[PDB]
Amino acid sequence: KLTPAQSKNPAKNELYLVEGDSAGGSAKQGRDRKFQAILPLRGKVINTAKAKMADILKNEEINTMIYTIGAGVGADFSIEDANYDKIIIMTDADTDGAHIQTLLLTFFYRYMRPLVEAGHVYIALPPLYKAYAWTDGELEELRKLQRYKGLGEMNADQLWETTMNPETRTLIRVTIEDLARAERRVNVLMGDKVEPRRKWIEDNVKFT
C-alpha cells in the first residue's frame, strides 16, 4: 500500500496517513517524493479501545502502520528506531474525516504514546474554500466560491500548495497536555461503555 520516500531519513521524512486510495493518489502526485511518503488507509480504522488485542493484532491497516512506522508496538517500542520525524494524518474536511482522525489518535495514544508525547504526530489542515480560505473569516477578505467536499476535489498541484508543502501549509501538532485529563476523554469517547458517552454528548453537543 505504501509509497515510500526516495531517500531514507528519520530527521526529515514525513509519513502521510491519507483517508482513501483516491485521495492517496492525489497525494502521490502532489507530494515532494524526496522525503514524503504516502500510505492510504482503506476504510474506517479499527477502534483500538473497543476491540480485543487479538483482533487488533490481526488488522491489516494496523499491522502495516506498525510495519511502515518501524518502531514495533506496545511496550516493545523504540522511538529511536522509527522511520519518520513527522507522522501526518490527512483526512477529508468532513465529519467522517473527523471520525477517522479520532480513531487513529486513540491508536497512537494507546499503543505508541512516546510518538505522541514527543510532538511527532500532526494533522494536516486542508482548506475549506476556494485565493484559498480556511473558515468564514478568510472568505470575507477574499470577497473583497467553490466549497471543498473532500481531498478528492483538489487537483494535485493545489494539494501541494495548500496542505503538503512545508513552506505553505498548516499542521496541528498533537500534544498530551494532561495525561490524566486525556486518558478519561479517550476512554469516555472511545470506550466499551455507552452510557457515559451518551451523557458526554448530551452535555457537550449543541443541537440547537
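Start at 1 with the first residue shown and count on from there.
Modelled in this chain, residue 115 is likewise built in all the other compared entries whose models extend past it on both sides, so a third of them omitting it does not occur. Modelled in this chain, residue 74 is nonetheless absent from a third or more of the other compared entries whose models extend past it on both sides. According to the record, the deposited sequence contains 10 or more residues between residue 130 and residue 131 that were left without coordinates. Stretches compared: 131-139, 117-125. Higher mean C-alpha B-factor in the entry: 131-139. According to the PDB record, 170-178 carries the higher mean C-alpha B-factor of the two stretches 170-178 and 38-46.
Note on 90, 73, 87, 98: the highest value goes to 73, judged by CA B factor as recorded.
Across the residues 62, 164, 151, 54, the deposited record lists the maximum Cα B factor for 54. Sorting the modelled residues of the chain by their CA temperature factor places residue 103 in the lowest third. Per the deposited record, the Cα B-factor of residue 147 falls in the highest third when ranked against the other modelled residues of its chain. When the modelled residues of the chain are ordered by C-alpha B-factor, residue 25 sits in the lowest third. Ranked by C-alpha B-factor against the other modelled residues of its chain, residue 186 falls in the middle third. Among all modelled residues in its chain, residue 1 ranks in the lowest third by Cα B-factor.
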